[PDB]
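>>> When you get a sec, could you give me coordinates for this:
(4 chains, ligands or ions: 7)
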Amino acid sequence: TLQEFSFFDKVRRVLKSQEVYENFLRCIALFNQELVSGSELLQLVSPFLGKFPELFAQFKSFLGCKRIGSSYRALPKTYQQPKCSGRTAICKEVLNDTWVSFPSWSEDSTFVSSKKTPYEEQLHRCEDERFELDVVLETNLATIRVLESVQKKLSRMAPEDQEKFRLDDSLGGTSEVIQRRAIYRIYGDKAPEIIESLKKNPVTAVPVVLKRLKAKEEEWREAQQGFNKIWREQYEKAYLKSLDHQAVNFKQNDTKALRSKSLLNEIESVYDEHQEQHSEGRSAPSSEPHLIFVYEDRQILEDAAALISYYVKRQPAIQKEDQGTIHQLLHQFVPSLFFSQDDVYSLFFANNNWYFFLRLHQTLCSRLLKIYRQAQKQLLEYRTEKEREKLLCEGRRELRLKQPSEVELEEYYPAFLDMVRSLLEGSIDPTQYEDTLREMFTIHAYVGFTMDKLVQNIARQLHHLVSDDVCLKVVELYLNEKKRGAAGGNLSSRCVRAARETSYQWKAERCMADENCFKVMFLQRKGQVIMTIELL
Amino acid sequence: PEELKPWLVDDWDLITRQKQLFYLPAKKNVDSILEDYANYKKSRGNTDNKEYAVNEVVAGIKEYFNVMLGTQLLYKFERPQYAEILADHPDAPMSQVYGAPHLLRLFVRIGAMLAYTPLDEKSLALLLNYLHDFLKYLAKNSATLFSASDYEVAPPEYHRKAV
Amino acid sequence: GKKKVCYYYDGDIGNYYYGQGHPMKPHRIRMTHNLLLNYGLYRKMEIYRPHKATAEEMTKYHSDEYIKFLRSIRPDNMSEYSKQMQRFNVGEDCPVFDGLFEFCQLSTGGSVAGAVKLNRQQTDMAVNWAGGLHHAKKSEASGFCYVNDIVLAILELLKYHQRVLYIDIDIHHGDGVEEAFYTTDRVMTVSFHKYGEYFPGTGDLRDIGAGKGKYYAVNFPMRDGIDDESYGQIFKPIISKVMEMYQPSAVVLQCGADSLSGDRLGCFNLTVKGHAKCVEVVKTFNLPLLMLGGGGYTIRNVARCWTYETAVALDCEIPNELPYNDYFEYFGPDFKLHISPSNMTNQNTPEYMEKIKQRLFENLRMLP
Amino acid sequence: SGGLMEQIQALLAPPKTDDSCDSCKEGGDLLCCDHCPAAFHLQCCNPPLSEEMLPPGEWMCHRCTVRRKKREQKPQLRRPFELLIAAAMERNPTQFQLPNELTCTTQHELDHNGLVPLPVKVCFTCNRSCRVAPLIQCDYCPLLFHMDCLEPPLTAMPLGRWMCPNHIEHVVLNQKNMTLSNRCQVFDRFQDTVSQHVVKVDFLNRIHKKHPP
Ligand SMILES: [Ca+2]
Ligand SMILES: [Ca+2]
Ligand SMILES: [Zn+2]
Ligand SMILES: [Zn+2]
Ligand SMILES: [Zn+2]
Ligand SMILES: [Zn+2]
Ligand SMILES: [Zn+2]
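Residues are numbered from 1 along each chain as shown, chains lettered A, B, ... in the order given. Ligands and ions are numbered 1, 2, ... in the order given. Shown next is the structure:
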């Protein structure tokens, strides 16, 4: 009947592509050749219609040697299994005998430049450099201790049986190789001769080898002291920078991601995504937003305002009148859009430049916020760690560096803000700025690495906002419509003024008919404000 | 000049894609299959005097299985197999031990290699007819003789020994 | 409450040299003990000298040819063994050094004797940091492991424990351990490992056993940069469900330290505290536990992790300041017990965790 | 680049005392002829060259050896079979190759500067673009899938030809004992059969009837 035709037409509208429909029809045709059962048929149809409950429900009502795993495969039946002598009953009844996996790769593969920073390679090289010298020194010291023990033993019996004493391959130790390895390392090619001498006549041979081993141990110890002195101020210069895996990458991806075109295309991708979904006719309301962000502090809002005004007050290409205009726009209008002067929403119909400014401000506020929570977390962690370590009995429960005091930790953020300001002047070199930021804020310091460029971008946005007549017309229209009360207000009264709101919409359509227009919703809740941006 | 050859792909797939080697002493070695050929086909004609050629050409296949196997008949993964065969049983019949799957490959190769020998028209016609008959009988009982179910896999030791 | 545990060390194990530039370094173990000696942990712990495991004990899982070759191989007779050297996968990846069989004997004997004492009910917790070599096969050496002492330890435990659970938190997949117990119902191998262009390339989600051992081998593939919070959110529920369905009698926990942040060949981003949270979770369940070593290639982080989880096994809290020791300058420039994670991207997305965890849960539902 | 290894190694030193094979077209351990630039594997010779067989000195390939020996010298199918035996002897051990008749037969990524392309193509499960996560394109149909949207999700990049979960070939790949060729012929049974609208609608309503005919 026509119901099946409607079903096929709607799977047509929701699949968007002929070939995937073709695979669907191959599925049902393989079913029609009696090669597929009903349960199997609904199991193959699931990938196609697994996201449309109505489609799946209607379709269901309409219907009414071997190898396993992925890395295990079997041994031959007529394979001579390697015999084992220690097989008990549990060994036969438990151990695997038919299935085998194979290592497709090998350890220590091409991983040097895969995901490690160049400053981790220096630390690793230092680590193996230390390991070589320490392992040889410890082998030497272990042989020294064993030979000292055997000499102490031989010192205690009668002389007439000293010549009768002999030593085996272990050279008095618990291993047959370690002592010989150390003696070989010490003596080079003449190791067999001295080994034979100490095995045949230990009494006259152990003291001299002790003397040589002790002398080499002392010389190696002083060499190790110098080598360790060199080894420091290399861990210091590389540890924190190796813990930071994103700084070099973050710099470039951020200096690119903050351009106007990137911000535009980020929202344009969502626009075409939702347009394609609408073309599909999928179950999504035609009032949902496109991006959401959140501001969770007003103090950070005034801090950001202070930062942008602090930059713009030191700018030569902008006059006093325009400085005043930017001051009014930032410290009066932006709070008003944020309702700084529940269920309270504000609507703002924005052009391209306003969206660029305001997204950049959101990013700045979020980064300042992340640094702020990081500082609070460091303060709390330091306090709780001090409280925990104060009451600690260590083993009874049966140089270094001076950590900054609490006052410095709580003044980190004011110092951080002053340092960002100093970077804005240029009075501080960015390299020392990065080093200081990392040394305070560990692995989360990279968030504040490109603050200055973001701030100048916002300054350019503000200057262009003042300079272009479209922005002044937009803000004047916003003020005029707010005077009537249609633009923004109480959530309940929306239906009272929605039509009036539509009128505002109409004016936007007749003010930037040749330009992109965004709808921005600022909704206040529990002290935070969620921003909500979509295109039209 | 082959009929119903796709079987080869299976061989290829299990031998250089699935990594599942062939049995060393599987069964029915190639000379034995050739002799079964002579016995079955000599019982076809009423008066086959030209059997004076049948065994001959069948014998020919054996000698063409002798020098040519291993050079341009096996694969890179099959190289350790032939290395073990030639290191363990050199004095044993070389044209033996290996199974039927390898045999057909020869007829795959000769179709190109024969392009380098200028025989006479009658001789080449007779040879082409005989290989056509050979692969037609192999097509008649491919299922009975060819069986990929007994294809064991290479442990990583064989993986190292191969490449 | 406080319970009597076991600690195994042979002081010669650190002197064994794997080779120049080799990431595998036994030296770590030694200074782990050094830290144990300088945190005052020897008074509440009993340290034992592991007897060298005889070749007969090793042949319980490996072929006699393999043990023969391991005992008769030396660096000075490389030319007379080359063919078998190729046949047994000892070579570039797993080099032969001086006293290789002695190192294997010590590592295996520690685990075997710990399993024996756990079997005798003389203790309920045994630790062997020198062991944990899980990549060894029946007749081959791979993944820097020559003798799979975990297999032998579990075989020793099986004489008195009906069911045993092996947990692997090393970044590598415990291919040897799971393969040795792929087709048995007496062992379940829970593994968490990085998958995808990573050694050994085995350990898919669909590798769930064979025959009678079906659904008794569960693997968790991960991506790069897993962190402590995700590891905690996906270890506790999975382990709780595993031991709710299985109800095991013994546990073997492989403490691979190569899943820590900054490991030379590792890729994860865990910390010492997050690594030890696994031991705390397993210890909360109060069953005979054998803690083993394994991976760990950033030596200082290995020492810190192993000493911290050794203290955790004793229900002891040690000061976060590292005491002066013979290898103190290794732990610079902070000289602090716990390490800080890196800011590397966590490619392990939450929905991927939810899907893998749900599949593992449904797989575990099918146990009798 | 101040390396500290050399000083340690010299300090620890004991005193002591005073590109491809020409035959198989693949890499590995190769021996190069000293007369021609061609190189051969140790297992690409007639007979294959073992480790203990190579002579001390210059090594020569088979073609150059034949040229050198030629310069120095300067209805019975028995005769055809002698010709084949000689030709097979003359041939080099390169490889076995199946005929080419049988073995034979970008837009969804960020731009160079890094940017979502327009118009966009999206995930089949979410209809969301590559911005959230990289998209993988099925090589048989241009349906794009996410890593995490699969069931079960993929852990890593599929380095080879990836088979999408919508293609029906999964149920034919379910078998694990059938030979490859049968599976391939079943796959190709659905690689050409298209344009069947009337017949499938007719079959589906025929099956739809609650009471069988
Ligand atoms: Ca199992
Ligand atoms: Ca693992
Ligand atoms: Zn690992
Ligand atoms: Zn040449
Ligand atoms: Zn070659
Ligand atoms: Zn998706
Ligand atoms: Zn597809």
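
>>> Test my guess that residue C:159 contacts residue A:91.
No: assessed by Cβ atoms under 8 Å, residue C:159 is found out of contact with residue A:91, at 10.6 Å. Every C-beta, even on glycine, is put in place using the N, C-alpha and C of the backbone.

>>> And those two? Which one has more around it.
Taking other Cβ atoms under 10 Å in any protein chain shown, residue C:159 and residue A:91 do not tie; residue A:91 has more neighbours (14 against 11).

>>> can you tell me the helix or strand for that one?
If you go by DSSP states H and E, residue A:91 is part of helix A:89-94.

>>> Could you list the domains of chain D?
D:30-73, D:106-164, D:168-213 (automatic domain parsing).

>>> how about these, which one is nearest residue B:117?
Proximity to residue B:117 (Cβ to Cβ) singles out domain D:30-73 among the domains of chain D, at 17.4 Å.

>>> For ligand 3, what's its nearest residue on chain D.
Nearest residue of chain D to ligand 3: residue D:155, at 15.3 Å (Cβ to the ion).

>>> Let me know whether that residue touches residue C:195 as I believe.
Yes: using Cβ under 8 Å, residue D:155 is in contact with residue C:195, at 4.5 Å.

>>> Residue A:298: neighbour count?
So residue A:298, with other Cβ under 10 Å, has 14 neighbours.

>>> what kind of secondary structure is the nearest residue to it once chain neighbours are set aside in?
Excluding its sequence neighbours, the residue lying closest to residue A:298 (Cβ to Cβ, 6 or more residues apart in numbering or on different chains) is residue A:340, at 6.1 Å. Per DSSP: H, G, I helix; E, B strand; the rest coil, the local secondary structure of residue A:340 is coil.

>>> what does residue D:86 give?
Following three-state DSSP, we place residue D:86 in the helix state.

>>> and the closest residue to ligand 6 within chain B, what is it in contact with?
Residue nearest to ligand 6 within chain B: residue B:17 (32.0 Å; Cβ to the ion). Residue B:17 makes contact with residue D:180 under the criterion Cβ atoms under 8 Å, 6 or more residues apart in numbering or on different chains.

>>> Surely residue C:201 touches residue A:71?
Yes: when contacts are counted by Cβ under 8 Å, residue C:201 is listed as touching residue A:71 (6.9 Å).

>>> okay, the two: which has more neighbours?
Just comparing residue C:201 and residue A:71: by other Cβ under 10 Å the higher neighbour count belongs to residue A:71, 22 against 18.

>>> tell me which element the one residue sitting closest to the centre of chain B falls in.
In chain B, the residue lying closest to the centroid (Cα atoms, centre = their mean) is residue B:103, at 0.6 Å. Using DSSP H and E, residue B:103 sits in helix B:100-113.

>>> Over to residue C:28?
Under the criterion of DSSP H and E, residue C:28 resides in helix C:27-38.

>>> try residue B:122
Assigned by DSSP H and E, residue B:122 belongs to helix B:121-140.

>>> State which one residue of chain D is found closest to ligand 2.
Checking chain D residue by residue against ligand 2 with Cβ to the ion singles out residue D:155 as nearest, at 13.2 Å.

>>> wait, I meant chain B
Proximity of chain B to ligand 2 (Cβ to the ion) peaks at residue B:156, 19.4 Å away.

>>> Provide the secondary structure category for the residue nearest the centre of chain D.
Against the mean C-alpha coordinate of chain D, by Cα atoms, centre = their mean, the closest residue is residue D:160 at 9.1 Å. Under three-state DSSP, the three-state class of residue D:160 is coil.

>>> Now do the phi/psi pair for it.
Per-residue torsions, residue D:160: phi -100, psi -160 (degrees, to the nearest 10).

>>> Would you map the strands across the stretch 1-150 of chain C?
Applying DSSP state E, counting those that start in this stretch to the stretch 1-150 of chain C gives strands spanning C:6-8, C:46-48, C:125-128.

>>> No further queries at this time; thank you.
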